[PDB]
Every structure is written in structure tokens, then in C-alpha cells.
>>> print(open('final.pdb').read())   # PDB, N, CA and C atoms
ATOM      1  N   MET A   1      34.830   7.754  54.512
ATOM      2  CA  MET A   1      36.224   7.678  54.029
ATOM      3  C   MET A   1      36.231   7.515  52.494
ATOM      4  N   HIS A   2      36.619   8.587  51.773
ATOM      5  CA  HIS A   2      36.722   8.593  50.294
ATOM      6  C   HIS A   2      38.099   9.141  49.872
ATOM      7  N   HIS A   3      38.406  10.369  50.348
ATOM      8  CA  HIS A   3      39.639  11.119  50.004
ATOM      9  C   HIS A   3      39.712  11.408  48.492
ATOM     10  N   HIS A   4      39.054  12.500  48.081
ATOM     11  CA  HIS A   4      39.023  12.950  46.684
ATOM     12  C   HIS A   4      39.923  14.187  46.544
ATOM     13  N   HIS A   5      40.953  14.076  45.704
ATOM     14  CA  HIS A   5      41.983  15.115  45.522
ATOM     15  C   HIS A   5      41.827  15.781  44.140
ATOM     16  N   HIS A   6      42.079  17.099  44.086
ATOM     17  CA  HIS A   6      42.070  17.903  42.842
ATOM     18  C   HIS A   6      43.359  18.742  42.741
ATOM     19  N   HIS A   7      43.520  19.418  41.589
ATOM     20  CA  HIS A   7      44.558  20.439  41.372
ATOM     21  C   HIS A   7      44.117  21.347  40.203
ATOM     22  N   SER A   8      44.091  22.660  40.455
ATOM     23  CA  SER A   8      43.719  23.677  39.468
ATOM     24  C   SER A   8      44.329  25.024  39.881
ATOM     25  N   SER A   9      45.200  25.571  39.025
ATOM     26  CA  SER A   9      45.853  26.875  39.262
ATOM     27  C   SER A   9      44.989  28.036  38.719
ATOM     28  N   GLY A  10      43.834  27.680  38.122
ATOM     29  CA  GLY A  10      42.880  28.647  37.591
ATOM     30  C   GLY A  10      42.887  28.697  36.075
ATOM     31  N   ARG A  11      43.745  29.559  35.521
ATOM     32  CA  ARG A  11      43.816  29.819  34.072
ATOM     33  C   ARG A  11      44.769  28.828  33.380
ATOM     34  N   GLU A  12      44.580  28.662  32.065
ATOM     35  CA  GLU A  12      45.430  27.826  31.210
ATOM     36  C   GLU A  12      45.822  28.645  29.962
ATOM     37  N   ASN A  13      46.781  29.557  30.149
ATOM     38  CA  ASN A  13      47.282  30.436  29.080
ATOM     39  C   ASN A  13      48.544  29.821  28.443
ATOM     40  N   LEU A  14      48.392  29.308  27.212
ATOM     41  CA  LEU A  14      49.474  28.666  26.437
ATOM     42  C   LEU A  14      49.119  28.730  24.942
ATOM     43  N   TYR A  15      50.144  28.769  24.074
ATOM     44  CA  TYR A  15      49.969  28.987  22.623
ATOM     45  C   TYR A  15      50.775  27.955  21.822
ATOM     46  N   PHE A  16      50.053  27.026  21.177
ATOM     47  CA  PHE A  16      50.614  26.070  20.197
ATOM     48  C   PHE A  16      50.379  26.636  18.768
ATOM     49  N   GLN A  17      50.519  27.963  18.646
ATOM     50  CA  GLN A  17      50.132  28.717  17.437
ATOM     51  C   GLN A  17      51.349  28.989  16.532
ATOM     52  N   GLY A  18      52.413  28.179  16.702
ATOM     53  CA  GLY A  18      53.652  28.318  15.925
ATOM     54  C   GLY A  18      53.583  27.704  14.526
ATOM     55  N   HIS A  19      52.362  27.485  14.022
ATOM     56  CA  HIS A  19      52.116  26.987  12.663
ATOM     57  C   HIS A  19      51.514  28.126  11.819
ATOM     58  N   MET A  20      52.208  28.506  10.735
ATOM     59  CA  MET A  20      51.718  29.515   9.767
ATOM     60  C   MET A  20      50.628  28.920   8.847
ATOM     61  N   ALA A  21      50.556  27.561   8.819
ATOM     62  CA  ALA A  21      49.633  26.770   7.976
ATOM     63  C   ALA A  21      49.951  26.932   6.472
ATOM     64  N   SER A  22      49.154  26.232   5.637
ATOM     65  CA  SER A  22      49.256  26.269   4.159
ATOM     66  C   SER A  22      50.653  25.766   3.681
ATOM     67  N   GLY A  23      51.123  26.243   2.509
ATOM     68  CA  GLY A  23      52.413  25.831   1.945
ATOM     69  C   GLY A  23      52.262  24.768   0.863
ATOM     70  N   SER A  24      51.010  24.494   0.471
ATOM     71  CA  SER A  24      50.681  23.581  -0.640
ATOM     72  C   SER A  24      50.532  24.385  -1.946
ATOM     73  N   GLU A  25      50.518  23.683  -3.100
ATOM     74  CA  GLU A  25      50.285  24.315  -4.410
ATOM     75  C   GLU A  25      48.823  24.776  -4.505
ATOM     76  N   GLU A  26      48.627  26.101  -4.475
ATOM     77  CA  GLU A  26      47.299  26.725  -4.590
ATOM     78  C   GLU A  26      46.890  26.798  -6.083
ATOM     79  N   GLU A  27      45.577  26.991  -6.328
ATOM     80  CA  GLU A  27      44.978  27.082  -7.678
ATOM     81  C   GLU A  27      45.065  25.708  -8.390
ATOM     82  N   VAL A  28      44.768  24.655  -7.611
ATOM     83  CA  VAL A  28      44.629  23.267  -8.107
ATOM     84  C   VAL A  28      43.126  22.948  -8.298
ATOM     85  N   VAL A  29      42.774  22.493  -9.514
ATOM     86  CA  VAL A  29      41.374  22.288  -9.941
ATOM     87  C   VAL A  29      40.729  21.072  -9.239
ATOM     88  N   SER A  30      39.483  21.248  -8.757
ATOM     89  CA  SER A  30      38.716  20.189  -8.080
ATOM     90  C   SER A  30      37.226  20.310  -8.450
ATOM     91  N   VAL A  31      36.639  19.183  -8.882
ATOM     92  CA  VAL A  31      35.205  19.060  -9.198
ATOM     93  C   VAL A  31      34.534  18.213  -8.106
ATOM     94  N   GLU A  32      33.474  18.754  -7.481
ATOM     95  CA  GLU A  32      32.695  18.032  -6.462
ATOM     96  C   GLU A  32      31.713  17.067  -7.150
ATOM     97  N   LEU A  33      31.985  15.767  -7.011
ATOM     98  CA  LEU A  33      31.151  14.676  -7.577
ATOM     99  C   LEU A  33      30.001  14.335  -6.583
ATOM    100  N   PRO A  34      28.891  13.631  -7.030
ATOM    101  CA  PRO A  34      27.750  13.276  -6.136
ATOM    102  C   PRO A  34      28.153  12.345  -4.960
ATOM    103  N   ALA A  35      27.354  12.389  -3.875
ATOM    104  CA  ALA A  35      27.674  11.726  -2.591
ATOM    105  C   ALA A  35      26.414  11.563  -1.715
ATOM    106  N   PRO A  36      26.504  10.798  -0.565
ATOM    107  CA  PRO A  36      25.548  10.949   0.556
ATOM    108  C   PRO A  36      25.547  12.410   1.060
ATOM    109  N   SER A  37      24.352  12.951   1.344
ATOM    110  CA  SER A  37      24.169  14.360   1.762
ATOM    111  C   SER A  37      24.771  14.634   3.163
ATOM    112  N   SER A  38      25.050  13.554   3.911
ATOM    113  CA  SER A  38      25.763  13.606   5.193
ATOM    114  C   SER A  38      27.240  13.991   4.973
ATOM    115  N   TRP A  39      27.832  13.445   3.903
ATOM    116  CA  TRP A  39      29.217  13.736   3.492
ATOM    117  C   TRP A  39      29.223  14.663   2.263
ATOM    118  N   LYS A  40      30.404  14.796   1.662
ATOM    119  CA  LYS A  40      30.584  15.410   0.354
ATOM    120  C   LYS A  40      31.694  14.646  -0.366
ATOM    121  N   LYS A  41      31.547  14.501  -1.673
ATOM    122  CA  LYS A  41      32.525  13.842  -2.532
ATOM    123  C   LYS A  41      33.205  14.898  -3.389
ATOM    124  N   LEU A  42      34.525  14.916  -3.320
ATOM    125  CA  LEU A  42      35.378  15.769  -4.134
ATOM    126  C   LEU A  42      36.349  14.872  -4.916
ATOM    127  N   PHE A  43      36.604  15.262  -6.159
ATOM    128  CA  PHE A  43      37.629  14.672  -7.014
ATOM    129  C   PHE A  43      38.565  15.788  -7.470
ATOM    130  N   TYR A  44      39.871  15.527  -7.434
ATOM    131  CA  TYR A  44      40.876  16.403  -8.048
ATOM    132  C   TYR A  44      41.213  15.862  -9.456
ATOM    133  N   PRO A  45      40.650  16.458 -10.555
ATOM    134  CA  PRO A  45      41.030  16.091 -11.934
ATOM    135  C   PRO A  45      42.334  16.779 -12.364
ATOM    136  N   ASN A  46      42.738  16.524 -13.609
ATOM    137  CA  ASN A  46      43.862  17.213 -14.232
ATOM    138  C   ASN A  46      43.655  17.209 -15.756
ATOM    139  N   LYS A  47      44.062  16.114 -16.440
ATOM    140  CA  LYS A  47      43.921  15.974 -17.904
ATOM    141  C   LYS A  47      43.396  14.569 -18.240
ATOM    142  N   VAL A  48      44.296  13.554 -18.220
ATOM    143  CA  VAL A  48      43.944  12.156 -18.557
ATOM    144  C   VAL A  48      44.429  11.223 -17.428
ATOM    145  N   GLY A  49      45.765  11.021 -17.340
ATOM    146  CA  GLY A  49      46.343  10.103 -16.352
ATOM    147  C   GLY A  49      47.869  10.176 -16.299
ATOM    148  N   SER A  50      48.505  10.308 -17.485
ATOM    149  CA  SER A  50      49.977  10.460 -17.620
ATOM    150  C   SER A  50      50.393  11.924 -17.356
ATOM    151  N   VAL A  51      50.079  12.385 -16.138
ATOM    152  CA  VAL A  51      50.308  13.761 -15.662
ATOM    153  C   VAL A  51      50.706  13.713 -14.165
ATOM    154  N   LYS A  52      50.814  14.899 -13.524
ATOM    155  CA  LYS A  52      51.042  15.016 -12.068
ATOM    156  C   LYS A  52      49.888  14.323 -11.314
ATOM    157  N   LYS A  53      48.647  14.840 -11.539
ATOM    158  CA  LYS A  53      47.385  14.243 -11.037
ATOM    159  C   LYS A  53      47.293  14.237  -9.481
ATOM    160  N   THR A  54      46.061  14.301  -8.968
ATOM    161  CA  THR A  54      45.753  14.087  -7.544
ATOM    162  C   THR A  54      44.552  13.104  -7.464
ATOM    163  N   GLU A  55      44.378  12.431  -6.310
ATOM    164  CA  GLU A  55      43.346  11.384  -6.132
ATOM    165  C   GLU A  55      42.031  11.974  -5.560
ATOM    166  N   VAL A  56      41.134  11.064  -5.137
ATOM    167  CA  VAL A  56      39.819  11.384  -4.569
ATOM    168  C   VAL A  56      39.942  11.724  -3.068
ATOM    169  N   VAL A  57      39.220  12.777  -2.642
ATOM    170  CA  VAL A  57      39.086  13.174  -1.227
ATOM    171  C   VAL A  57      37.581  13.286  -0.882
ATOM    172  N   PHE A  58      37.139  12.570   0.165
ATOM    173  CA  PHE A  58      35.773  12.700   0.716
ATOM    174  C   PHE A  58      35.781  13.693   1.887
ATOM    175  N   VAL A  59      34.943  14.729   1.791
ATOM    176  CA  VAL A  59      34.739  15.707   2.864
ATOM    177  C   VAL A  59      33.762  15.136   3.906
ATOM    178  N   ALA A  60      34.189  15.194   5.176
ATOM    179  CA  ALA A  60      33.427  14.673   6.323
ATOM    180  C   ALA A  60      32.457  15.746   6.858
ATOM    181  N   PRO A  61      31.315  15.334   7.503
ATOM    182  CA  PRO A  61      30.317  16.282   8.087
ATOM    183  C   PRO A  61      30.891  17.156   9.233
ATOM    184  N   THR A  62      31.998  16.687   9.840
ATOM    185  CA  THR A  62      32.699  17.393  10.936
ATOM    186  C   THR A  62      33.970  18.120  10.433
ATOM    187  N   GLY A  63      34.302  17.942   9.135
ATOM    188  CA  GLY A  63      35.499  18.553   8.529
ATOM    189  C   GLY A  63      36.742  17.664   8.594
ATOM    190  N   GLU A  64      36.659  16.549   9.354
ATOM    191  CA  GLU A  64      37.759  15.560   9.496
ATOM    192  C   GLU A  64      37.817  14.679   8.229
ATOM    193  N   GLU A  65      38.315  15.296   7.148
ATOM    194  CA  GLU A  65      38.222  14.774   5.777
ATOM    195  C   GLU A  65      39.154  13.572   5.547
ATOM    196  N   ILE A  66      38.828  12.802   4.506
ATOM    197  CA  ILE A  66      39.472  11.533   4.165
ATOM    198  C   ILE A  66      40.193  11.668   2.808
ATOM    199  N   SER A  67      41.507  11.393   2.775
ATOM    200  CA  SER A  67      42.336  11.550   1.552
ATOM    201  C   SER A  67      42.452  10.237   0.758
ATOM    202  N   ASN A  68      42.233   9.102   1.445
ATOM    203  CA  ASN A  68      42.456   7.761   0.875
ATOM    204  C   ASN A  68      41.471   6.753   1.478
ATOM    205  N   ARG A  69      41.209   5.683   0.717
ATOM    206  CA  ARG A  69      40.092   4.739   0.947
ATOM    207  C   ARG A  69      40.181   3.986   2.304
ATOM    208  N   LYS A  70      41.419   3.736   2.775
ATOM    209  CA  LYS A  70      41.675   3.074   4.081
ATOM    210  C   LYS A  70      41.102   3.940   5.221
ATOM    211  N   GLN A  71      41.399   5.262   5.161
ATOM    212  CA  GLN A  71      40.956   6.243   6.182
ATOM    213  C   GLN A  71      39.429   6.316   6.269
ATOM    214  N   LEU A  72      38.746   6.006   5.151
ATOM    215  CA  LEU A  72      37.271   6.017   5.079
ATOM    216  C   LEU A  72      36.710   4.884   5.965
ATOM    217  N   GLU A  73      37.194   3.650   5.722
ATOM    218  CA  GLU A  73      36.726   2.429   6.427
ATOM    219  C   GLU A  73      36.973   2.519   7.950
ATOM    220  N   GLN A  74      38.202   2.930   8.322
ATOM    221  CA  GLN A  74      38.603   3.082   9.732
ATOM    222  C   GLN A  74      37.864   4.262  10.399
ATOM    223  N   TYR A  75      37.430   5.253   9.589
ATOM    224  CA  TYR A  75      36.616   6.382  10.079
ATOM    225  C   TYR A  75      35.236   5.871  10.519
ATOM    226  N   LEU A  76      34.568   5.103   9.635
ATOM    227  CA  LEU A  76      33.167   4.648   9.842
ATOM    228  C   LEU A  76      33.030   3.753  11.087
ATOM    229  N   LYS A  77      34.003   2.836  11.271
ATOM    230  CA  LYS A  77      34.021   1.920  12.431
ATOM    231  C   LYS A  77      34.337   2.686  13.737
ATOM    232  N   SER A  78      35.063   3.830  13.628
ATOM    233  CA  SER A  78      35.398   4.704  14.791
ATOM    234  C   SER A  78      34.355   5.833  14.979
ATOM    235  N   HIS A  79      33.479   6.036  13.974
ATOM    236  CA  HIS A  79      32.472   7.125  13.960
ATOM    237  C   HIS A  79      31.108   6.560  13.488
ATOM    238  N   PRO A  80      30.296   5.957  14.422
ATOM    239  CA  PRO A  80      28.937   5.464  14.099
ATOM    240  C   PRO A  80      27.967   6.631  13.803
ATOM    241  N   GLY A  81      27.001   6.376  12.908
ATOM    242  CA  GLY A  81      26.093   7.410  12.401
ATOM    243  C   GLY A  81      26.427   7.779  10.961
ATOM    244  N   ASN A  82      27.726   7.688  10.612
ATOM    245  CA  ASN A  82      28.220   7.953   9.243
ATOM    246  C   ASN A  82      27.898   6.752   8.318
ATOM    247  N   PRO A  83      27.407   7.007   7.054
ATOM    248  CA  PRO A  83      26.990   5.935   6.113
ATOM    249  C   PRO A  83      28.169   5.062   5.626
ATOM    250  N   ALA A  84      27.817   3.881   5.088
ATOM    251  CA  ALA A  84      28.778   2.832   4.700
ATOM    252  C   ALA A  84      29.517   3.185   3.391
ATOM    253  N   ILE A  85      30.777   2.702   3.269
ATOM    254  CA  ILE A  85      31.673   2.986   2.114
ATOM    255  C   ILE A  85      31.137   2.357   0.801
ATOM    256  N   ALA A  86      30.130   1.476   0.939
ATOM    257  CA  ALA A  86      29.386   0.892  -0.191
ATOM    258  C   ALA A  86      28.805   1.982  -1.122
ATOM    259  N   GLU A  87      28.254   3.057  -0.519
ATOM    260  CA  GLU A  87      27.661   4.183  -1.278
ATOM    261  C   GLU A  87      28.682   5.314  -1.530
ATOM    262  N   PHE A  88      29.945   5.099  -1.137
ATOM    263  CA  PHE A  88      31.042   6.057  -1.370
ATOM    264  C   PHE A  88      31.788   5.680  -2.666
ATOM    265  N   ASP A  89      31.620   6.518  -3.697
ATOM    266  CA  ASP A  89      32.179   6.292  -5.037
ATOM    267  C   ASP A  89      33.631   6.788  -5.127
ATOM    268  N   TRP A  90      34.562   5.909  -4.732
ATOM    269  CA  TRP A  90      36.005   6.105  -4.956
ATOM    270  C   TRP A  90      36.360   5.770  -6.424
ATOM    271  N   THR A  91      35.547   4.877  -7.034
ATOM    272  CA  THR A  91      35.757   4.347  -8.398
ATOM    273  C   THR A  91      35.131   5.264  -9.490
ATOM    274  N   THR A  92      34.716   6.489  -9.095
ATOM    275  CA  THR A  92      34.169   7.507 -10.029
ATOM    276  C   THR A  92      35.220   7.949 -11.073
ATOM    277  N   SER A  93      36.506   7.801 -10.698
ATOM    278  CA  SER A  93      37.661   8.166 -11.529
ATOM    279  C   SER A  93      38.018   7.039 -12.520
ATOM    280  N   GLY A  94      37.748   5.781 -12.112
ATOM    281  CA  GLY A  94      38.055   4.596 -12.920
ATOM    282  C   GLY A  94      36.797   3.982 -13.525
ATOM    283  N   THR A  95      36.594   2.673 -13.298
ATOM    284  CA  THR A  95      35.445   1.912 -13.822
ATOM    285  C   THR A  95      34.681   1.251 -12.647
TER     286      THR A  95
END
>>> encode(input="final.pdb", output="C-alpha cells")
Amino acid sequence: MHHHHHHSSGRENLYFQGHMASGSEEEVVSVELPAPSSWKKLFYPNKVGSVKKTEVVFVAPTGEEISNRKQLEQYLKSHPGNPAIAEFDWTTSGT
């Protein structure tokens, strides 16, 4: 006595493809700064500081990239194998 139940109609044909993607300002300058070889470090420069400006983005080994420092810490605790934020230079832009 177990009684194991299933349900499968066979195929799963559906499209969540209603996103054209993009729509951001293209031709924005970015210099790739040094990093752990597991990740990649990118910085978006501009001029000095009193400008539009963009912040630091760390590229992830799986492509699930990090835009801000909070997302980095919560990533590492949710994704073991990835190196510690100690060796992640967010302060490359400052001091």
C-alpha cells in the first residue's frame, strides 16, 4: 500500500517571449578592473564625479551578475564555492 499519483499531458508548449529586451543607454564606457579569476570586475567610469556616472558591477561565473555590494554578500552565502567579498575591490573607485 503506497498509492503514487502522477499527471503529464506530454508536451509543454508555451511562450514567455513577450520581452523585446534592452532599452538602456548604449555606448556607455566600461573598464574591466582586476579580480578573482573565478569572477570578473567591471567599473563604469565617466569623468571625475560631478557627472551622470555609473557604479561598480561584478560579473559572476554563471552570468548572474552583481550591481551593488549587498547583492555580492547575499550571493556568496547563497552560492558556496564563490570567493569572499574581502578580495572583491568595490573601493577601486574610491580609497
>>> select_by_dssp(input="final.pdb", residues="chain A", states="strand (DSSP E or B)", output="list in words")
residues 31, 40, 41, 42, 43, 56, 57, 58, 59 and 66 of chain A
>>> residues_around(input="final.pdb", residues="residue 45 of chain A", least_positions_apart="2", cutoff="6 Å", atoms="only N, CA and C atoms", output="ChimeraX atom specification")
/A:29-31,43,47,53-54
>>> atom_distance(input="final.pdb", atom1="atom CA of residue 75 of chain A", atom2="atom C of residue 91 of chain A")
19.7 Å
>>> closest_residue(input="final.pdb", among="A:50, A:40, A:17, A:5", to="residue 66 of chain A", atoms="only C-alpha atoms")
A:40
>>> atom_distance(input="final.pdb", atom1="atom CA of residue 34 of chain A", atom2="atom CA of residue 52 of chain A")
24.1 Å
>>> atom_distance(input="final.pdb", atom1="atom N of residue 26 of chain A", atom2="atom CA of residue 51 of chain A")
16.7 Å
>>> resolve_selection(input="final.pdb", expression="the PyMOL selection byres ((chain A and resi 58-60) around 7)", output="ChimeraX atom specification")
/A:38-43,56-57,61-68
>>> closest_residue(input="final.pdb", among="A:85, A:27, A:46, A:9", to="residue 70 of chain A", atoms="only C-alpha atoms")
A:85
>>> closest_residue(input="final.pdb", among="A:90, A:2, A:48, A:25", to="residue 69 of chain A", atoms="only N, CA and C atoms")
A:90
>>> select_by_dssp(input="final.pdb", residues="chain A", states="helix (DSSP H, G or I)", output="list in words")
residues 69, 70, 71, 72, 73, 74, 75, 76, 77, 78, 85, 86 and 87 of chain A
>>> closest_residue(input="final.pdb", among="A:21, A:35, A:76, A:28", to="residue 88 of chain A", atoms="only C-alpha atoms")
A:35
>>> decode(input="final.pdb", residues="segment 49-70 of chain A", atoms="N, CA, C and O atoms", output="compact mmCIF listing (two decimals), in the first residue's frame")
# COMPACT_ATOMS: atom_id res chain seq x y z
N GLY A 49 33.38 62.93 -11.02
CA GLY A 49 32.38 62.55 -10.01
C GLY A 49 31.10 63.39 -10.10
O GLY A 49 30.00 62.86 -9.94
N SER A 50 31.27 64.71 -10.37
CA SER A 50 30.14 65.66 -10.56
C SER A 50 29.58 65.54 -12.00
O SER A 50 29.59 66.50 -12.78
N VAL A 51 29.11 64.33 -12.32
CA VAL A 51 28.58 63.95 -13.65
C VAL A 51 27.39 62.97 -13.45
O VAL A 51 26.95 62.76 -12.31
N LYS A 52 26.88 62.40 -14.56
CA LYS A 52 25.84 61.35 -14.53
C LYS A 52 26.38 60.13 -13.74
O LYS A 52 25.82 59.78 -12.69
N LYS A 53 27.50 59.54 -14.25
CA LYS A 53 28.26 58.46 -13.59
C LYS A 53 27.44 57.15 -13.41
O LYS A 53 26.21 57.17 -13.30
N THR A 54 28.14 56.02 -13.40
CA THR A 54 27.58 54.71 -13.03
C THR A 54 28.55 54.04 -12.03
O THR A 54 29.73 54.42 -11.96
N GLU A 55 28.06 53.07 -11.23
CA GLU A 55 28.84 52.43 -10.15
C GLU A 55 29.56 51.15 -10.66
O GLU A 55 29.64 50.88 -11.87
N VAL A 56 30.09 50.37 -9.69
CA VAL A 56 30.81 49.12 -9.93
C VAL A 56 29.83 47.94 -10.11
O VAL A 56 28.85 47.83 -9.37
N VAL A 57 30.12 47.08 -11.10
CA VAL A 57 29.39 45.82 -11.34
C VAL A 57 30.41 44.65 -11.39
O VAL A 57 31.39 44.72 -12.14
N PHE A 58 30.20 43.62 -10.56
CA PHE A 58 30.99 42.37 -10.61
C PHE A 58 30.26 41.33 -11.47
O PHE A 58 29.09 41.01 -11.21
N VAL A 59 30.94 40.82 -12.50
CA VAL A 59 30.44 39.74 -13.35
C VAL A 59 30.66 38.39 -12.66
O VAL A 59 31.77 38.07 -12.22
N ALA A 60 29.58 37.60 -12.59
CA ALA A 60 29.56 36.28 -11.94
C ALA A 60 29.99 35.19 -12.93
O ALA A 60 29.78 35.34 -14.14
N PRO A 61 30.56 34.04 -12.43
CA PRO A 61 30.99 32.90 -13.29
C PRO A 61 29.82 32.22 -14.05
O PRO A 61 30.03 31.53 -15.05
N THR A 62 28.59 32.42 -13.54
CA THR A 62 27.35 31.87 -14.14
C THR A 62 26.58 32.94 -14.94
O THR A 62 25.55 32.64 -15.57
N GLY A 63 27.07 34.20 -14.91
CA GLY A 63 26.41 35.33 -15.60
C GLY A 63 25.40 36.08 -14.73
O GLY A 63 24.92 37.14 -15.13
N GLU A 64 25.08 35.53 -13.54
CA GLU A 64 24.15 36.15 -12.56
C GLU A 64 24.88 37.29 -11.82
O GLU A 64 25.28 37.17 -10.65
N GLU A 65 25.07 38.39 -12.55
CA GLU A 65 25.97 39.50 -12.18
C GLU A 65 25.40 40.34 -11.02
O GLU A 65 24.19 40.33 -10.75
N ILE A 66 26.30 41.07 -10.36
CA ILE A 66 26.03 41.84 -9.15
C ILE A 66 26.23 43.34 -9.44
O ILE A 66 27.32 43.75 -9.85
N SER A 67 25.19 44.16 -9.19
CA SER A 67 25.21 45.61 -9.49
C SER A 67 25.64 46.45 -8.27
O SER A 67 26.09 47.59 -8.42
N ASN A 68 25.47 45.87 -7.07
CA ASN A 68 25.68 46.59 -5.80
C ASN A 68 26.19 45.63 -4.71
O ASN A 68 25.89 44.43 -4.75
N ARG A 69 26.89 46.20 -3.73
CA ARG A 69 27.71 45.45 -2.74
C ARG A 69 26.89 44.48 -1.85
O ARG A 69 27.40 43.43 -1.43
N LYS A 70 25.62 44.84 -1.58
CA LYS A 70 24.69 44.00 -0.79
C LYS A 70 24.45 42.66 -1.52
O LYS A 70 24.55 41.58 -0.91
